[PDB]
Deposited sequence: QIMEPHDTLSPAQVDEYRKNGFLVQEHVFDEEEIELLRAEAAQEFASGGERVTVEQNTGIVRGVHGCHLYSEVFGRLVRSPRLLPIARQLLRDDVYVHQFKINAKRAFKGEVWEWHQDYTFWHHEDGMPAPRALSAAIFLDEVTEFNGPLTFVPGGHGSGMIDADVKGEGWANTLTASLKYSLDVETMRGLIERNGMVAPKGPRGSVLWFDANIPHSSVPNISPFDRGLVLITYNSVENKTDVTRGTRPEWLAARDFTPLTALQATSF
């Protein structure tokens, strides 16, 4: 329901986003909305098939192509307008995934830049993309928050070690940054793990270096990540290596959900 004005970031929020390369908006969705997304996530974890990642499952990819709920979510007036605003274009979804770190579980996700994968694997011409991470649970110091180098997107794509899409979905990553490159960045820029309550959205740049650590809390950390790409910056489908549920190929510009009686 687009029953009120489309959401936009304030000028200060935009500046903060461009300068740091990430930004948290608190309390975007309420508990009932988050519960609908948790239930739909659980159903996709149960029947995603080859799109799932694992012991017990912690990942699924491309759900907005298969789920009515997730298809509407990406068009939400809480999300689509800000993605247009930050990318200064019409947009489409390049990638959709859900990442759960359960209580007392999780892995060390090595430092990486999303754009590096999308440039090399999918043919994304420029880093004119971003991810919206919806917090299905409160993100704290202790349940494995996404961790960033603030301003580290202004490096461009950093020269990365390489180890098809064999290890793109897994915490041992195909493209990871040197112990060496990372020290220089962090001495200069520091590190930040954005936190916020359930229903928050964390916007981050395609090129920001990020990482995370296990969840040593007794609470789950579920994240829905929607990667919006500029339509002008659509991926070169001739250099693409991965299926539609990792890298979308329908570049129709999205429009927002209209308010309807159903």
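Residues of the deposited sequence lacking C-alpha coordinates fall in the stretches 55 to 58, 168 to 169, numbered from 1.
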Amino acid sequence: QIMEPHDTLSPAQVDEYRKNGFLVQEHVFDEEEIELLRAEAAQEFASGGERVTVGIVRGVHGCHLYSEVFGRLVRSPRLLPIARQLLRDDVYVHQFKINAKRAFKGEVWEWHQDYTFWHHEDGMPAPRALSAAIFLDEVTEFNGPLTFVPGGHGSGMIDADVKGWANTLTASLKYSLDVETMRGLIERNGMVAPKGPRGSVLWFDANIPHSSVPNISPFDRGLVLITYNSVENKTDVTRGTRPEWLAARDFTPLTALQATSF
From here on, numbers count along this sequence of modelled residues.
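Throughout, rigid core stands for the largest set of C-alpha atoms superposing within 1.5 Å between the two forms.
Between 64 to 72 and 213 to 221, the larger mean CA deviation from the shown form in 8 other deposited structures of this protein, after core superposition, belongs to 213 to 221. Larger average C-alpha displacement in 8 other deposited structures of this protein, relative to the shown form after a rigid core fit, is seen for 178 to 186 when comparing 178 to 186 with 127 to 135. Omission of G59 is seen in none of the other entries compared for this protein where the adjacent residues are built, far below a third. As listed in the deposited structure, the average C-alpha B-factor of 95 to 103 and of 132 to 140 is greater for 95 to 103. Comparing 176 to 184 with 147 to 155, the stretch with the higher mean C-alpha B-factor in the PDB entry is 176 to 184. Of all the options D89, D161, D114, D122, the entry's greatest CA B-factor is assigned to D161. Of the candidates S230, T53, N215, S211, the PDB record gives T53 the highest C-alpha temperature factor. In the deposited entry, the Cα temperature factor of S200 places it in the lowest third of its chain's modelled residues.
Among the modelled residues of its chain, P11 has a C-alpha B-factor that falls in the middle third according to the deposited record.
Ranked by C-alpha B-factor against the other modelled residues of its chain, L73 falls in the lowest third. Among all modelled residues in this chain, the alpha-carbon of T252 has a temperature factor (C-alpha) in the lowest third. In the deposited entry, the Cα temperature factor of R58 sits in the top third of values across the chain's modelled residues.
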